[PDB]
Each structure stands twice: as structure tokens, then as C-alpha cells.
């Protein structure tokens, strides 16, 4: 039951099932994982592909010879399994050089170096066939107000992304960029903190169509926001290039629980939205098996991500196909929300006496929206109590 297949487009970062369990207050609870074993275990689970930071695949500071061998070993695991690599990203946050950021570090020479680090790995990711390159500016921010002139840092951020788009244009690459928002942690406040802030920033870029967003369930929930609403604006803007699925209990540190844990109802509305909008990119999981777990629990965790997606997919589809729900949807006038407000034109609106002079405001106000019956119907479908 609810079994994933590579057609379901499930992918994982190497850093997810690979997380050794070091937290702010704790040491590692698990040994490191060869990227090769992760590709195989995930393939066995029904995964479609894997993603990586540059330093997850080639250990930082590796020699050219070792780099070649680390890729050779990795390529052979994908060949053996059929695994894909749909996305890659640069680690511009772990090494101490990035302590004040990467593309927006105050030191100019750190910013130039962060660009060379990203450009090197774009080459690699294109070779492995990734279609999306992700940027997570987790060190772009500040803990105190005077350490970062934000308008200046946005200037620098725009130059970094403009230059990156100039590079892939100059190489003929098909890869596109996806910014991953996060409101805080590790910096006290991170720049482009939400899906909205990232969409707005893309529109000031030189070639905007080259960039989209990679929202993560938990990051919007770290700011108390509605994740499906944010996804809806990303899809409305045509900029859902990639997505990160996980779970989060409200406003606290970045938990990265397996998908479906945390806010279960919001996961349901998310899957219903992705499916009904026909989202076709990877269903990528960016989670951390809690450091209480041994290797066996790591894989049960990753298996739980895909299962919970498949369960929610079925419930949400049953929801939208139920004729009682379709009748309730008409009752709540969801059909009327899809109709244009004034297809007749401004002038027609200005003269339509039934829109002001003769609008029975009290009659309209007395019409219930019937939202509770609709929502209780959604809950019954979620829980299988119809």
C-alpha cells in the first residue's frame, strides 16, 4: 500500500539521510554515509533522484585526482540504480570564510570567491544533468542592525545572480536558478526571508525568467505564514521551479521533520494544490532524521516522507472528486471567485446601478459562506471518515 515509484518524482539531498546528527548542543550520533550507499538505499525505497551540495559529493579541498574519483564512483551508482540528479546547490555556509555571507559578505574577496565556488559546481551539476541550481543564502543576513546595509547587500546579491545568469547564458546551459528563502537561522535575520521577498527580488534581476523560487515547507512556517498560500503566489507568478518538502511545528528553530509531520493539515492543502496545479518538478525532501535514530531509522524516516505524500495525494483527490464537495464548493461560491469581476469594463461598472446605488448590502451580508461544512468535509476526507 501507498508505495512510491521513480515516476512519483521523489528526490532527496545527500545531506538529508546523510546528516550525522550534530546539532548546536550535540555531537554526531551517526557515522558518515558514502554518497554511493545513499543512492542505493534510496533507490531501493522507490526514490527518483538525489541532489547535492558541492561539498556533499567532493569533500572540501579535494585534489583534482580525488575529485575525478568521487564523481566516477557517484556516476556509477546512478547508472546502477537509474537514479537521477535533478538539482544541485553550492555550500556557501559551512566553511568559516562564509561567516558573514557568500554573495553578500562585506569582504569583497569573499564574494568573488563565492561566485567562483558556485560557477565551478554549476559545470559539475550540468554534467550530472541537473535542471535546477539552488541558492540558499543562509549566511546572507546579520545579527545586528549596523553590520549590513541591506540596500547595499541587495546590490551585491543582484550582481551575483546577474553574473551567474550571464555564465549559464555564455555556456548554452539549460539550467535555471531557484532561490530558497529562509527568514532566520543561522543569521539573526536572513535576506529574502520569504517566498514573497524572493519573488520581488527576481523581478529586479537582469534576466528574470532564468530564476524562480525553491520554497521549503518549514521556512515559511518559521515566520507563521501559510505555506500553500505562498506556493499559490509562486505558481500564480509562474516561478515554482522546485520545492522542498518537510515538516515544522510552528515558529521555532528549523526542525526539518519528515514530510507530513508537523502541520499535517497544511501538508494536505499543499499536496492538493501541487496536484491540481499540475506541478511537474521534483518532489524534493529536505529533512533530517532526528539524531535519536540509527541507520535503520534514517531509512524508515525517508520512507515515511514518500508514503505521507502518497496518502495525502489520495485523500485530496478523493476530496476534489466527491460530488458532495463539488456541491459544497458551489455553495461557498468558489465558482464565483474564478469568474472575472468586471469583464464588462470600468465604464460598465461605473454605470451598473446594481453595484452601488441599488446594491442590497444587507441581503448580501446575510448570506453565509458555508465554510465550516466545506472544511469539515475536507477533514473527513483527510481522516477517511466519509
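Numbering follows the first chain given and starts at 1.
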On mean C-alpha B-factor from the PDB entry, just flag whether 270-278 or 170-178 is the higher one.
-> 170-178
Comparing 232-240 with 67-75, which stretch shows the greater average C-alpha B-factor in the deposited entry?
-> 67-75
When you compare the CA B-factors of 316, 202, 87, 154 as listed in the entry, which one comes out on top?
-> 202
Highest CA temperature factor in the entry: which of 328, 43, 321, 338?
-> 321
Chain third (lowest, middle, highest) by recorded CA B-factor, residue given as residue 227 = middle
So where's residue 106 on the chain's Cα temperature factor ranking, which third?
-> highest
For residue 361, does the deposited CA B-factor place it in the lowest, middle or highest third of the chain?
-> highest
Report the third (lowest, middle or highest) to which the CA temperature factor of residue 332 belongs, ranking only the modelled residues of the same chain.
-> middle
Modelled-residue ranking by C-alpha temperature factor, third containing residue 25 = highest
